[PDB]
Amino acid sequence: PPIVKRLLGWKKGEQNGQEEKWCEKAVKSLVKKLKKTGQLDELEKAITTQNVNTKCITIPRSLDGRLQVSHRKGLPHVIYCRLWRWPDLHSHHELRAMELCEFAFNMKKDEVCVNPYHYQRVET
């Protein structure tokens, strides 16, 4: 696929194996969804410009808050921040949504923001 490869172009920790195929799936899932809501552009933008003051990139939130990609389950913001920002990221307890983020996972709205540049990592 197109943009998927581009977005894949950005990422870190080079964790190939089945994690490589998974990372691809996870990116495709997201693209499929942003496409529908016409937010793909603002996502590519955010990724390539590392510009924090970008708009929120939103995905629907599930009842328990988790997202499944393939057979694995996790928190969305944790999955995508670990993708494009911190490959070593461990849990959502290391993540702090900034104040400009309106749909932070921590707010429990109907939509969750996964813009990797809307969260900072806390040295806990």
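The first residue of the sequence shown is number 1, and the count goes up from there.
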item: Greater mean Cα temperature factor according to the PDB record, 2-10 or 113-121; value: 2-10
item: Mean C-alpha B-factor comparison - 102-110 and 14-22, higher one; value: 14-22
item: Maximum C-alpha temperature factor, selected from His90, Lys28, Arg61, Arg85; value: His90
item: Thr48 by Cα B-factor - lowest, middle or highest third of the modelled chain; value: middle
item: Record-listed C-alpha B factor of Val69: chain third; value: lowest
item: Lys35 CA temperature factor, ranked by third within the chain; value: highest
item: Entry-reported Cα temperature factor of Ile79, expressed as the chain third it lands in; value: lowest
item: Lowest, middle or highest third - CA B-factor, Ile57; value: lowest
